Every structure is written in C-alpha cells, then in structure tokens.
file coords07.txt (compact mmCIF, N, CA, C and O atoms)
# COMPACT_ATOMS: atom_id res chain seq x y z
N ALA B 2 0.83 -1.20 0.00
CA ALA B 2 0.00 0.00 0.00
C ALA B 2 0.86 1.25 0.00
O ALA B 2 0.57 2.22 0.70
N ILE B 3 1.94 1.23 -0.79
CA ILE B 3 2.82 2.39 -0.91
C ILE B 3 2.76 2.92 -2.33
O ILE B 3 3.43 2.41 -3.23
N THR B 4 1.95 3.96 -2.54
CA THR B 4 1.73 4.48 -3.88
C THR B 4 2.32 5.89 -4.01
O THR B 4 2.50 6.62 -3.04
N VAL B 5 2.61 6.27 -5.26
CA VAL B 5 3.17 7.58 -5.54
C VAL B 5 2.35 8.29 -6.61
O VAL B 5 2.82 9.26 -7.21
N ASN B 6 1.13 7.81 -6.85
CA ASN B 6 0.25 8.44 -7.83
C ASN B 6 -0.97 9.10 -7.20
O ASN B 6 -1.46 10.11 -7.73
N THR B 7 -1.50 8.57 -6.10
CA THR B 7 -2.63 9.17 -5.42
C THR B 7 -2.35 9.26 -3.92
O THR B 7 -1.82 8.32 -3.33
N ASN B 8 -2.72 10.39 -3.32
CA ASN B 8 -2.58 10.62 -1.89
C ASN B 8 -3.96 10.90 -1.33
O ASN B 8 -4.38 12.06 -1.22
N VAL B 9 -4.68 9.84 -0.97
CA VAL B 9 -6.03 9.99 -0.43
C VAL B 9 -6.00 10.63 0.94
O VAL B 9 -6.95 11.31 1.34
N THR B 10 -4.91 10.44 1.69
CA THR B 10 -4.77 11.13 2.96
C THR B 10 -4.80 12.64 2.76
O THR B 10 -5.42 13.37 3.55
N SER B 11 -4.15 13.12 1.71
CA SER B 11 -4.20 14.55 1.39
C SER B 11 -5.61 14.97 1.00
O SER B 11 -6.07 16.05 1.39
N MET B 12 -6.31 14.14 0.23
CA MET B 12 -7.65 14.49 -0.21
C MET B 12 -8.59 14.68 0.97
O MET B 12 -9.37 15.64 1.01
N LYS B 13 -8.55 13.77 1.95
CA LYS B 13 -9.37 13.92 3.14
C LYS B 13 -8.92 15.12 3.96
O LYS B 13 -9.75 15.85 4.51
N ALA B 14 -7.61 15.34 4.06
CA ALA B 14 -7.10 16.47 4.83
C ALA B 14 -7.52 17.80 4.20
O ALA B 14 -7.84 18.75 4.92
N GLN B 15 -7.53 17.88 2.87
CA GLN B 15 -7.90 19.12 2.20
C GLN B 15 -9.35 19.49 2.51
O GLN B 15 -9.66 20.67 2.75
N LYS B 16 -10.25 18.51 2.50
CA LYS B 16 -11.66 18.79 2.74
C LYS B 16 -11.89 19.36 4.13
O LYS B 16 -12.69 20.28 4.31
N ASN B 17 -11.20 18.81 5.13
CA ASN B 17 -11.38 19.28 6.50
C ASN B 17 -10.91 20.72 6.65
O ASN B 17 -11.53 21.52 7.36
N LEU B 18 -9.80 21.08 5.99
CA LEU B 18 -9.32 22.45 6.05
C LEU B 18 -10.30 23.42 5.40
O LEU B 18 -10.49 24.54 5.89
N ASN B 19 -10.93 23.02 4.30
CA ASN B 19 -11.90 23.88 3.64
C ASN B 19 -13.10 24.15 4.54
O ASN B 19 -13.61 25.27 4.60
N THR B 20 -13.58 23.12 5.24
CA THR B 20 -14.72 23.30 6.13
C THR B 20 -14.38 24.24 7.28
O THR B 20 -15.20 25.09 7.64
N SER B 21 -13.20 24.10 7.87
CA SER B 21 -12.81 24.98 8.97
C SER B 21 -12.58 26.41 8.52
O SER B 21 -12.85 27.34 9.29
N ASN B 22 -12.09 26.61 7.30
CA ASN B 22 -11.90 27.96 6.77
C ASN B 22 -13.23 28.64 6.47
O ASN B 22 -13.38 29.84 6.73
N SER B 23 -14.20 27.90 5.94
CA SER B 23 -15.50 28.48 5.64
C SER B 23 -16.25 28.87 6.90
O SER B 23 -16.95 29.89 6.92
N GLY B 24 -16.14 28.07 7.96
CA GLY B 24 -16.77 28.40 9.22
C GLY B 24 -16.18 29.63 9.87
O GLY B 24 -16.89 30.42 10.49
N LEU B 25 -14.86 29.80 9.74
CA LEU B 25 -14.21 30.99 10.27
C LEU B 25 -14.68 32.24 9.54
O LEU B 25 -14.91 33.29 10.15
N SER B 26 -14.82 32.14 8.21
CA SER B 26 -15.23 33.29 7.42
C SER B 26 -16.64 33.75 7.78
O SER B 26 -16.89 34.94 7.96
N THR B 27 -17.57 32.80 7.90
CA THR B 27 -18.96 33.18 8.17
C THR B 27 -19.13 33.77 9.56
O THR B 27 -20.03 34.58 9.78
N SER B 28 -18.27 33.39 10.50
CA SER B 28 -18.36 33.96 11.84
C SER B 28 -17.90 35.41 11.88
O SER B 28 -18.44 36.20 12.65
N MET B 29 -16.91 35.77 11.06
CA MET B 29 -16.41 37.14 11.07
C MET B 29 -17.45 38.12 10.54
O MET B 29 -17.61 39.21 11.09
N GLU B 30 -18.15 37.76 9.46
CA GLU B 30 -19.12 38.69 8.89
C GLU B 30 -20.34 38.86 9.79
O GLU B 30 -20.92 39.95 9.84
N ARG B 31 -20.74 37.81 10.51
CA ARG B 31 -21.78 37.98 11.52
C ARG B 31 -21.33 38.90 12.64
O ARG B 31 -22.13 39.71 13.13
N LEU B 32 -20.07 38.81 13.05
CA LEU B 32 -19.55 39.70 14.08
C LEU B 32 -19.31 41.11 13.57
O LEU B 32 -19.46 42.07 14.34
N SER B 33 -18.96 41.28 12.29
CA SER B 33 -18.65 42.60 11.77
C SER B 33 -19.89 43.45 11.56
O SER B 33 -19.80 44.68 11.55
N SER B 34 -21.05 42.82 11.37
CA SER B 34 -22.30 43.55 11.18
C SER B 34 -23.19 43.49 12.41
O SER B 34 -23.68 44.52 12.87
N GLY B 35 -23.40 42.30 12.97
CA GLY B 35 -24.21 42.17 14.16
C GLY B 35 -25.55 41.53 13.88
O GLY B 35 -26.48 41.65 14.68
N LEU B 36 -25.66 40.84 12.75
CA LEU B 36 -26.89 40.19 12.35
C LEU B 36 -26.65 38.71 12.09
O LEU B 36 -25.71 38.34 11.39
N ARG B 37 -27.50 37.88 12.68
CA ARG B 37 -27.43 36.45 12.41
C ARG B 37 -27.90 36.11 11.00
O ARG B 37 -27.24 35.35 10.29
N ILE B 38 -29.03 36.67 10.59
CA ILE B 38 -29.56 36.43 9.25
C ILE B 38 -29.03 37.49 8.30
O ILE B 38 -29.70 38.48 8.02
N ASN B 39 -27.81 37.28 7.79
CA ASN B 39 -27.24 38.18 6.80
C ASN B 39 -27.87 37.92 5.44
O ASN B 39 -28.37 38.85 4.80
N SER B 40 -27.85 36.67 5.00
CA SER B 40 -28.44 36.27 3.73
C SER B 40 -29.53 35.24 3.97
O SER B 40 -29.88 34.91 5.10
N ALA B 41 -30.08 34.73 2.87
CA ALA B 41 -31.09 33.69 2.92
C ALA B 41 -30.50 32.30 3.17
O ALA B 41 -31.24 31.32 3.13
N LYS B 42 -29.19 32.21 3.38
CA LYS B 42 -28.61 30.93 3.80
C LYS B 42 -29.28 30.45 5.07
O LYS B 42 -29.64 29.27 5.18
N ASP B 43 -29.46 31.36 6.02
CA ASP B 43 -29.97 31.08 7.36
C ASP B 43 -31.48 30.96 7.35
O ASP B 43 -32.08 30.69 6.31
N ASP B 44 -32.10 31.11 8.52
CA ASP B 44 -33.52 30.88 8.69
C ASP B 44 -34.33 31.55 7.59
O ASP B 44 -34.39 32.78 7.50
N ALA B 45 -34.96 30.73 6.74
CA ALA B 45 -35.80 31.26 5.68
C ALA B 45 -37.05 31.91 6.25
O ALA B 45 -37.50 32.95 5.75
N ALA B 46 -37.63 31.32 7.28
CA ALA B 46 -38.80 31.89 7.93
C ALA B 46 -38.46 33.08 8.80
O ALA B 46 -39.31 33.96 9.00
N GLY B 47 -37.23 33.14 9.32
CA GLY B 47 -36.87 34.24 10.20
C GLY B 47 -36.88 35.58 9.50
O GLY B 47 -37.38 36.58 10.04
N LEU B 48 -36.34 35.63 8.28
CA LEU B 48 -36.27 36.90 7.56
C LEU B 48 -37.66 37.37 7.15
O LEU B 48 -37.93 38.58 7.14
N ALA B 49 -38.54 36.44 6.81
CA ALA B 49 -39.91 36.81 6.46
C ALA B 49 -40.63 37.41 7.66
O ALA B 49 -41.31 38.44 7.54
N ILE B 50 -40.49 36.79 8.83
CA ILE B 50 -41.11 37.32 10.04
C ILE B 50 -40.52 38.67 10.40
O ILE B 50 -41.24 39.60 10.79
N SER B 51 -39.20 38.81 10.28
CA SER B 51 -38.53 40.05 10.66
C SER B 51 -38.99 41.21 9.79
O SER B 51 -39.05 42.35 10.26
N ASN B 52 -39.31 40.94 8.53
CA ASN B 52 -39.75 42.00 7.63
C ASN B 52 -41.06 42.62 8.11
O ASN B 52 -41.22 43.84 8.10
N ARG B 53 -42.01 41.78 8.52
CA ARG B 53 -43.26 42.32 9.07
C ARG B 53 -43.05 43.01 10.41
O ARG B 53 -43.69 44.03 10.67
N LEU B 54 -42.18 42.47 11.27
CA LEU B 54 -41.85 43.16 12.51
C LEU B 54 -41.16 44.49 12.24
O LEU B 54 -41.41 45.47 12.95
N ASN B 55 -40.30 44.54 11.22
CA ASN B 55 -39.68 45.80 10.84
C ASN B 55 -40.72 46.81 10.39
O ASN B 55 -40.61 48.00 10.70
N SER B 56 -41.73 46.36 9.65
CA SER B 56 -42.80 47.25 9.23
C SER B 56 -43.57 47.81 10.42
O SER B 56 -43.93 48.99 10.41
N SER W 111 -43.50 28.99 3.73
CA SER W 111 -42.08 29.18 3.49
C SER W 111 -41.24 28.07 4.11
O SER W 111 -40.25 27.64 3.50
N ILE W 112 -41.60 27.60 5.30
CA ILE W 112 -40.86 26.51 5.92
C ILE W 112 -41.02 25.23 5.11
O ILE W 112 -40.06 24.47 4.95
N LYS W 113 -42.22 24.98 4.59
CA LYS W 113 -42.42 23.78 3.78
C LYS W 113 -41.61 23.84 2.48
O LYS W 113 -41.10 22.81 2.03
N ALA W 114 -41.50 25.02 1.88
CA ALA W 114 -40.70 25.17 0.67
C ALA W 114 -39.24 24.82 0.88
O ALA W 114 -38.55 24.48 -0.09
N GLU W 115 -38.75 24.88 2.11
CA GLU W 115 -37.41 24.44 2.47
C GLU W 115 -37.35 22.94 2.70
O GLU W 115 -36.51 22.26 2.12
N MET W 116 -38.29 22.40 3.49
CA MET W 116 -38.35 20.96 3.70
C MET W 116 -38.50 20.21 2.38
O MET W 116 -37.94 19.13 2.20
N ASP W 117 -39.26 20.79 1.45
CA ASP W 117 -39.54 20.11 0.19
C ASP W 117 -38.27 19.89 -0.63
O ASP W 117 -38.08 18.82 -1.21
N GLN W 118 -37.38 20.89 -0.68
CA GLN W 118 -36.15 20.73 -1.44
C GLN W 118 -35.13 19.82 -0.77
O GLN W 118 -34.36 19.16 -1.47
N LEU W 119 -35.10 19.78 0.56
CA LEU W 119 -34.21 18.84 1.24
C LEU W 119 -34.57 17.40 0.95
O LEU W 119 -33.67 16.57 0.80
N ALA W 120 -35.86 17.07 0.88
CA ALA W 120 -36.28 15.73 0.52
C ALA W 120 -35.93 15.37 -0.91
O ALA W 120 -35.73 14.19 -1.22
N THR W 121 -35.85 16.36 -1.80
CA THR W 121 -35.46 16.09 -3.18
C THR W 121 -34.02 15.59 -3.27
O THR W 121 -33.73 14.69 -4.07
N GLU W 122 -33.11 16.14 -2.46
CA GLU W 122 -31.73 15.67 -2.49
C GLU W 122 -31.56 14.28 -1.90
O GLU W 122 -30.69 13.53 -2.35
N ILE W 123 -32.34 13.93 -0.88
CA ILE W 123 -32.28 12.57 -0.36
C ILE W 123 -32.62 11.59 -1.48
O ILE W 123 -32.02 10.51 -1.59
N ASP W 124 -33.57 11.96 -2.34
CA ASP W 124 -33.78 11.23 -3.58
C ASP W 124 -32.57 11.31 -4.50
O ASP W 124 -32.18 10.30 -5.10
N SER W 125 -31.96 12.49 -4.61
CA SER W 125 -30.89 12.68 -5.59
C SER W 125 -29.63 11.91 -5.22
O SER W 125 -28.97 11.36 -6.11
N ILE W 126 -29.27 11.88 -3.94
CA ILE W 126 -28.11 11.09 -3.54
C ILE W 126 -28.37 9.61 -3.75
O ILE W 126 -27.50 8.87 -4.21
N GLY W 127 -29.58 9.15 -3.42
CA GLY W 127 -29.93 7.75 -3.56
C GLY W 127 -29.82 7.25 -4.98
O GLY W 127 -29.41 6.10 -5.21
N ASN W 128 -30.16 8.09 -5.95
CA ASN W 128 -30.13 7.70 -7.35
C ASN W 128 -28.80 8.00 -8.03
O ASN W 128 -28.65 7.71 -9.22
N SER W 129 -27.83 8.57 -7.31
CA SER W 129 -26.58 8.99 -7.95
C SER W 129 -25.39 8.17 -7.49
O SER W 129 -24.51 7.84 -8.30
N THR W 130 -25.33 7.84 -6.20
CA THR W 130 -24.19 7.14 -5.62
C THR W 130 -23.87 5.87 -6.40
O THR W 130 -24.69 4.94 -6.44
N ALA W 131 -22.70 5.81 -7.02
CA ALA W 131 -22.37 4.72 -7.91
C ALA W 131 -20.88 4.42 -7.82
O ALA W 131 -20.08 5.25 -7.40
N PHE W 132 -20.53 3.20 -8.22
CA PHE W 132 -19.14 2.74 -8.29
C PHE W 132 -18.78 2.67 -9.77
O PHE W 132 -18.92 1.62 -10.40
N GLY W 133 -18.32 3.79 -10.32
CA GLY W 133 -18.04 3.85 -11.73
C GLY W 133 -19.30 3.95 -12.55
O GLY W 133 -19.61 5.02 -13.10
N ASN W 134 -20.05 2.85 -12.65
CA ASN W 134 -21.32 2.92 -13.38
C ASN W 134 -22.42 2.09 -12.72
O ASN W 134 -23.51 1.99 -13.29
N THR W 135 -22.19 1.51 -11.55
CA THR W 135 -23.18 0.66 -10.89
C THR W 135 -23.75 1.41 -9.70
O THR W 135 -23.01 1.78 -8.78
N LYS W 136 -25.07 1.63 -9.70
CA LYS W 136 -25.75 2.33 -8.63
C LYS W 136 -25.84 1.42 -7.41
O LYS W 136 -26.26 0.27 -7.54
N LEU W 137 -25.45 1.93 -6.24
CA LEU W 137 -25.34 1.09 -5.06
C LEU W 137 -26.48 1.25 -4.06
O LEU W 137 -26.60 0.43 -3.15
N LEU W 138 -27.32 2.27 -4.20
CA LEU W 138 -28.35 2.54 -3.20
C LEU W 138 -29.76 2.43 -3.78
O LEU W 138 -30.72 2.92 -3.19
N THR W 139 -29.90 1.78 -4.94
CA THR W 139 -31.21 1.68 -5.58
C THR W 139 -31.74 0.25 -5.60
O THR W 139 -32.60 -0.08 -6.42
N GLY W 140 -31.24 -0.62 -4.72
CA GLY W 140 -31.82 -1.92 -4.50
C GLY W 140 -31.17 -3.05 -5.27
O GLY W 140 -31.59 -4.20 -5.11
N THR W 141 -30.17 -2.77 -6.10
CA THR W 141 -29.49 -3.85 -6.80
C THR W 141 -28.60 -4.63 -5.84
O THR W 141 -28.11 -5.71 -6.18
N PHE W 142 -28.37 -4.09 -4.65
CA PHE W 142 -27.68 -4.81 -3.59
C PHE W 142 -28.63 -5.17 -2.46
O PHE W 142 -28.19 -5.37 -1.32
N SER W 143 -29.93 -5.24 -2.75
CA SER W 143 -30.91 -5.66 -1.76
C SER W 143 -30.70 -7.10 -1.31
O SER W 143 -30.81 -7.39 -0.12
N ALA W 144 -30.41 -8.01 -2.25
CA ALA W 144 -30.04 -9.39 -1.95
C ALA W 144 -28.53 -9.46 -2.13
O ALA W 144 -28.04 -9.47 -3.26
N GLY W 145 -27.81 -9.51 -1.01
CA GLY W 145 -26.37 -9.35 -0.98
C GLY W 145 -25.59 -10.00 -2.11
O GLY W 145 -25.80 -11.17 -2.43
N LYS W 146 -24.70 -9.23 -2.73
CA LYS W 146 -23.83 -9.77 -3.76
C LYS W 146 -22.64 -10.49 -3.12
O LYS W 146 -22.40 -10.39 -1.91
N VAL W 147 -21.90 -11.22 -3.94
CA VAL W 147 -20.92 -12.18 -3.45
C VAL W 147 -19.53 -11.83 -3.96
O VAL W 147 -19.35 -11.54 -5.15
N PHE W 148 -18.56 -11.84 -3.05
CA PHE W 148 -17.15 -11.72 -3.39
C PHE W 148 -16.41 -12.94 -2.85
O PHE W 148 -16.67 -13.38 -1.72
N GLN W 149 -15.49 -13.49 -3.64
CA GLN W 149 -14.72 -14.67 -3.24
C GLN W 149 -13.34 -14.24 -2.77
O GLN W 149 -12.59 -13.62 -3.52
N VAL W 150 -13.01 -14.58 -1.53
CA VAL W 150 -11.77 -14.13 -0.90
C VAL W 150 -10.79 -15.27 -0.67
O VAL W 150 -9.69 -15.04 -0.16
N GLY W 151 -11.15 -16.49 -1.03
CA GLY W 151 -10.27 -17.63 -0.92
C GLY W 151 -9.89 -18.15 -2.29
O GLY W 151 -10.20 -17.54 -3.31
N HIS W 152 -9.20 -19.29 -2.31
CA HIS W 152 -8.81 -19.91 -3.56
C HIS W 152 -9.64 -21.13 -3.92
O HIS W 152 -9.33 -21.80 -4.91
N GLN W 153 -10.68 -21.43 -3.15
CA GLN W 153 -11.56 -22.56 -3.44
C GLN W 153 -13.01 -22.12 -3.35
O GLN W 153 -13.33 -21.04 -2.84
N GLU W 154 -13.89 -22.97 -3.87
CA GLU W 154 -15.32 -22.68 -3.85
C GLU W 154 -15.83 -22.61 -2.42
O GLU W 154 -15.38 -23.34 -1.54
N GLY W 155 -16.78 -21.71 -2.18
CA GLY W 155 -17.40 -21.57 -0.89
C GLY W 155 -16.75 -20.58 0.05
O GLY W 155 -17.30 -20.33 1.13
N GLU W 156 -15.62 -19.99 -0.33
CA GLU W 156 -14.96 -18.97 0.48
C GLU W 156 -15.43 -17.61 0.01
O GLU W 156 -14.71 -16.88 -0.68
N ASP W 157 -16.65 -17.24 0.38
CA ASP W 157 -17.28 -16.03 -0.13
C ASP W 157 -17.72 -15.12 1.01
O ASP W 157 -17.97 -15.57 2.13
N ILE W 158 -17.81 -13.84 0.69
CA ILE W 158 -18.33 -12.82 1.59
C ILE W 158 -19.49 -12.11 0.90
O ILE W 158 -19.46 -11.84 -0.30
N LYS W 159 -20.54 -11.83 1.67
CA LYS W 159 -21.76 -11.25 1.14
C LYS W 159 -21.95 -9.85 1.69
O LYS W 159 -21.90 -9.64 2.91
N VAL W 160 -22.19 -8.89 0.80
CA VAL W 160 -22.42 -7.50 1.17
C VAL W 160 -23.83 -7.11 0.74
O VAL W 160 -24.16 -7.19 -0.44
N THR W 161 -24.64 -6.69 1.70
CA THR W 161 -26.04 -6.34 1.45
C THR W 161 -26.24 -4.86 1.76
O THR W 161 -25.90 -4.39 2.85
N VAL W 162 -26.78 -4.12 0.79
CA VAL W 162 -27.10 -2.71 0.95
C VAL W 162 -28.56 -2.53 0.57
O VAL W 162 -28.93 -2.69 -0.61
N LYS W 163 -29.40 -2.20 1.54
CA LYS W 163 -30.81 -2.01 1.27
C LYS W 163 -31.03 -0.65 0.61
O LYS W 163 -30.25 0.29 0.77
N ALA W 164 -32.12 -0.55 -0.15
CA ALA W 164 -32.42 0.68 -0.86
C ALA W 164 -32.73 1.80 0.12
O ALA W 164 -33.46 1.61 1.10
N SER W 165 -32.18 2.99 -0.15
CA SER W 165 -32.36 4.14 0.72
C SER W 165 -32.59 5.38 -0.13
O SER W 165 -31.64 5.94 -0.67

call {"tool": "encode", "arguments": {"input": "coords07.txt", "output": "structure tokens"}}
result
Amino acid sequence: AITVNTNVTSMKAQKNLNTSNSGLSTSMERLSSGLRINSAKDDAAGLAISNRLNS
Amino acid sequence: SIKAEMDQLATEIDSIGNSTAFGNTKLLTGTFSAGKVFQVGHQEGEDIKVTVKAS
C-alpha cells in the first residue's frame, strides 16, 4: 500500500481544512455587522417574520 | 415558506440515492438488496456477502 500516484490522505485532509476555513469566514461577517440572518442561507422563515416586525 | 425548504431537502435525499455509484453501478437503488458475493479464498465456498438495502 505504498503508492506515488494518489494521496487519499491529502484528499481527506484538504476537505477538512476547507470546512474549517469556511466556518471561520462566516463567523467574522456575523460579528462585523451584528446580524445572524445576513443572507437567505440562514432561517428562511426568520427573515420573512422580521420584515413584518420591521414594518 | 418553511415547507418550501423541507420540500427541497427531501429532493436531495432522492438525488443522492439515485446517484451514488461505483463507476457505473448504482449502489443505493436496490441492486444490492439481496447481498452480492465476493470470493476471498482460492476454493469454492470462500465467499463474503455485502447487502445494501435501498435508501
């Protein structure tokens, strides 16, 4: 099991780093503005309710 | 609005089920409902059975 053409250990390691980087990014923008529902990624029903409360 | 979100999540559970394949053989659509056979010895009867129910 000693190969020099594919490194599956690297493939799994790369995915974990991408997930941790994306989580760090989304936390900064929530902190920089102060809103949990920045986009429609988050609670779909929350933004609809908030719009009527804003009115 | 909440149902419009639940509805699309159920569509992907269908989509993963019909897509997951080993090169060209679909593994989650019931073709492995009655376990297939792999031979791991050098004589007849040395077999292992893998069963994957449809999901």

call {"tool": "atom_distance", "arguments": {"input": "coords07.txt", "atom1": "atom N of residue 146 of chain W", "atom2": "atom CA of residue 10 of chain B"}}
result
29.1 Å

call {"tool": "atom_distance", "arguments": {"input": "coords07.txt", "atom1": "atom N of residue 126 of chain W", "atom2": "atom C of residue 165 of chain W"}}
result
8.2 Å

call {"tool": "atom_distance", "arguments": {"input": "coords07.txt", "atom1": "atom O of residue 122 of chain W", "atom2": "atom CA of residue 138 of chain W"}}
result
11.3 Å

call {"tool": "closest_atom_pairs", "arguments": {"input": "coords07.txt", "of": "chain B", "to": "chain W", "cutoff": "12 Å", "atoms": "only C-alpha atoms", "output": "Markdown table"}}
result
| residue | atom | partner | partner_atom | distance |
| --- | --- | --- | --- | --- |
| B:41 | CA | W:115 | CA | 11.2 |
| B:42 | CA | W:115 | CA | 11.0 |
| B:43 | CA | W:115 | CA | 11.1 |
| B:44 | CA | W:112 | CA | 9.0 |
| B:45 | CA | W:112 | CA | 6.9 |
| B:46 | CA | W:112 | CA | 6.1 |
| B:47 | CA | W:112 | CA | 9.7 |
| B:48 | CA | W:111 | CA | 10.5 |
| B:49 | CA | W:111 | CA | 8.5 |
| B:50 | CA | W:111 | CA | 10.5 |

call {"tool": "select_by_dssp", "arguments": {"input": "coords07.txt", "residues": "chain W", "states": "helix (DSSP H, G or I)", "output": "PyMOL selection string"}}
result
chain W and resi 112-127

call {"tool": "axis_aligned_box", "arguments": {"input": "coords07.txt", "around": "segment 126-140 of chain W", "padding_each_side": "8 Å", "output": "lines of an AutoDock Vina configuration file"}}
result
center_x = -25.3
center_y = 3.8
center_z = -8.3
size_x = 30.6
size_y = 32.1
size_z = 26.2

call {"tool": "residues_around", "arguments": {"input": "coords07.txt", "residues": "residue 159 of chain W", "least_positions_apart": "3", "cutoff": "7 Å", "atoms": "all atoms listed in the file", "output": "ChimeraX atom specification"}}
result
/W:145-148

call {"tool": "residues_around", "arguments": {"input": "coords07.txt", "residues": "residue 28 of chain B", "least_positions_apart": "5", "cutoff": "10 Å", "atoms": "only C-alpha atoms", "output": "list in words"}}
result
residues 23, 33 and 37 of chain B

call {"tool": "decode", "arguments": {"input": "coords07.txt", "residues": "segment 130-155 of chain W", "atoms": "N, CA and C atoms", "output": "PDB file, in the first residue's frame"}}
result
ATOM      1  N   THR W 130     -25.332   7.839  -6.196  1.00  0.00           N
ATOM      2  CA  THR W 130     -24.186   7.140  -5.623  1.00  0.00           C
ATOM      3  C   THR W 130     -23.874   5.868  -6.398  1.00  0.00           C
ATOM      4  N   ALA W 131     -22.699   5.813  -7.017  1.00  0.00           N
ATOM      5  CA  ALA W 131     -22.371   4.719  -7.914  1.00  0.00           C
ATOM      6  C   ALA W 131     -20.884   4.417  -7.821  1.00  0.00           C
ATOM      7  N   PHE W 132     -20.525   3.203  -8.220  1.00  0.00           N
ATOM      8  CA  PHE W 132     -19.143   2.741  -8.289  1.00  0.00           C
ATOM      9  C   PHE W 132     -18.782   2.667  -9.766  1.00  0.00           C
ATOM     10  N   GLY W 133     -18.325   3.786 -10.316  1.00  0.00           N
ATOM     11  CA  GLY W 133     -18.035   3.850 -11.731  1.00  0.00           C
ATOM     12  C   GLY W 133     -19.300   3.953 -12.553  1.00  0.00           C
ATOM     13  N   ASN W 134     -20.050   2.851 -12.648  1.00  0.00           N
ATOM     14  CA  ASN W 134     -21.318   2.917 -13.381  1.00  0.00           C
ATOM     15  C   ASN W 134     -22.417   2.091 -12.722  1.00  0.00           C
ATOM     16  N   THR W 135     -22.193   1.506 -11.551  1.00  0.00           N
ATOM     17  CA  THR W 135     -23.183   0.664 -10.891  1.00  0.00           C
ATOM     18  C   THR W 135     -23.754   1.414  -9.696  1.00  0.00           C
ATOM     19  N   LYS W 136     -25.068   1.629  -9.703  1.00  0.00           N
ATOM     20  CA  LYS W 136     -25.755   2.334  -8.628  1.00  0.00           C
ATOM     21  C   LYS W 136     -25.840   1.421  -7.413  1.00  0.00           C
ATOM     22  N   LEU W 137     -25.454   1.927  -6.243  1.00  0.00           N
ATOM     23  CA  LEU W 137     -25.339   1.092  -5.055  1.00  0.00           C
ATOM     24  C   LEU W 137     -26.479   1.252  -4.061  1.00  0.00           C
ATOM     25  N   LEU W 138     -27.322   2.273  -4.197  1.00  0.00           N
ATOM     26  CA  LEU W 138     -28.354   2.540  -3.202  1.00  0.00           C
ATOM     27  C   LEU W 138     -29.759   2.428  -3.783  1.00  0.00           C
ATOM     28  N   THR W 139     -29.905   1.776  -4.936  1.00  0.00           N
ATOM     29  CA  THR W 139     -31.208   1.675  -5.582  1.00  0.00           C
ATOM     30  C   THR W 139     -31.736   0.246  -5.597  1.00  0.00           C
ATOM     31  N   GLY W 140     -31.240  -0.616  -4.717  1.00  0.00           N
ATOM     32  CA  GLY W 140     -31.819  -1.922  -4.500  1.00  0.00           C
ATOM     33  C   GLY W 140     -31.169  -3.052  -5.266  1.00  0.00           C
ATOM     34  N   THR W 141     -30.168  -2.770  -6.096  1.00  0.00           N
ATOM     35  CA  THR W 141     -29.492  -3.853  -6.798  1.00  0.00           C
ATOM     36  C   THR W 141     -28.597  -4.631  -5.841  1.00  0.00           C
ATOM     37  N   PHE W 142     -28.370  -4.087  -4.646  1.00  0.00           N
ATOM     38  CA  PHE W 142     -27.676  -4.814  -3.592  1.00  0.00           C
ATOM     39  C   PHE W 142     -28.629  -5.170  -2.458  1.00  0.00           C
ATOM     40  N   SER W 143     -29.928  -5.236  -2.748  1.00  0.00           N
ATOM     41  CA  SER W 143     -30.905  -5.665  -1.756  1.00  0.00           C
ATOM     42  C   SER W 143     -30.701  -7.104  -1.314  1.00  0.00           C
ATOM     43  N   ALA W 144     -30.414  -8.007  -2.247  1.00  0.00           N
ATOM     44  CA  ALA W 144     -30.039  -9.385  -1.948  1.00  0.00           C
ATOM     45  C   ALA W 144     -28.531  -9.463  -2.132  1.00  0.00           C
ATOM     46  N   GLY W 145     -27.811  -9.512  -1.014  1.00  0.00           N
ATOM     47  CA  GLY W 145     -26.371  -9.351  -0.984  1.00  0.00           C
ATOM     48  C   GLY W 145     -25.591 -10.000  -2.107  1.00  0.00           C
ATOM     49  N   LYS W 146     -24.700  -9.234  -2.727  1.00  0.00           N
ATOM     50  CA  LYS W 146     -23.831  -9.773  -3.756  1.00  0.00           C
ATOM     51  C   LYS W 146     -22.644 -10.491  -3.117  1.00  0.00           C
ATOM     52  N   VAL W 147     -21.901 -11.223  -3.940  1.00  0.00           N
ATOM     53  CA  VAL W 147     -20.921 -12.183  -3.447  1.00  0.00           C
ATOM     54  C   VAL W 147     -19.534 -11.828  -3.964  1.00  0.00           C
ATOM     55  N   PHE W 148     -18.559 -11.840  -3.054  1.00  0.00           N
ATOM     56  CA  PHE W 148     -17.146 -11.724  -3.388  1.00  0.00           C
ATOM     57  C   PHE W 148     -16.412 -12.943  -2.849  1.00  0.00           C
ATOM     58  N   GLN W 149     -15.489 -13.487  -3.637  1.00  0.00           N
ATOM     59  CA  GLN W 149     -14.724 -14.669  -3.245  1.00  0.00           C
ATOM     60  C   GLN W 149     -13.342 -14.236  -2.770  1.00  0.00           C
ATOM     61  N   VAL W 150     -13.006 -14.582  -1.528  1.00  0.00           N
ATOM     62  CA  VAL W 150     -11.770 -14.127  -0.904  1.00  0.00           C
ATOM     63  C   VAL W 150     -10.786 -15.268  -0.671  1.00  0.00           C
ATOM     64  N   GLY W 151     -11.147 -16.494  -1.031  1.00  0.00           N
ATOM     65  CA  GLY W 151     -10.266 -17.632  -0.917  1.00  0.00           C
ATOM     66  C   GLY W 151      -9.887 -18.149  -2.292  1.00  0.00           C
ATOM     67  N   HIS W 152      -9.201 -19.290  -2.306  1.00  0.00           N
ATOM     68  CA  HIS W 152      -8.810 -19.908  -3.562  1.00  0.00           C
ATOM     69  C   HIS W 152      -9.644 -21.127  -3.921  1.00  0.00           C
ATOM     70  N   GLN W 153     -10.685 -21.433  -3.155  1.00  0.00           N
ATOM     71  CA  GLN W 153     -11.557 -22.558  -3.436  1.00  0.00           C
ATOM     72  C   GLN W 153     -13.012 -22.120  -3.348  1.00  0.00           C
ATOM     73  N   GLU W 154     -13.892 -22.969  -3.870  1.00  0.00           N
ATOM     74  CA  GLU W 154     -15.318 -22.680  -3.849  1.00  0.00           C
ATOM     75  C   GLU W 154     -15.829 -22.608  -2.416  1.00  0.00           C
ATOM     76  N   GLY W 155     -16.779 -21.706  -2.183  1.00  0.00           N
ATOM     77  CA  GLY W 155     -17.401 -21.574  -0.885  1.00  0.00           C
ATOM     78  C   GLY W 155     -16.755 -20.575   0.048  1.00  0.00           C
TER      79      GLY W 155
END
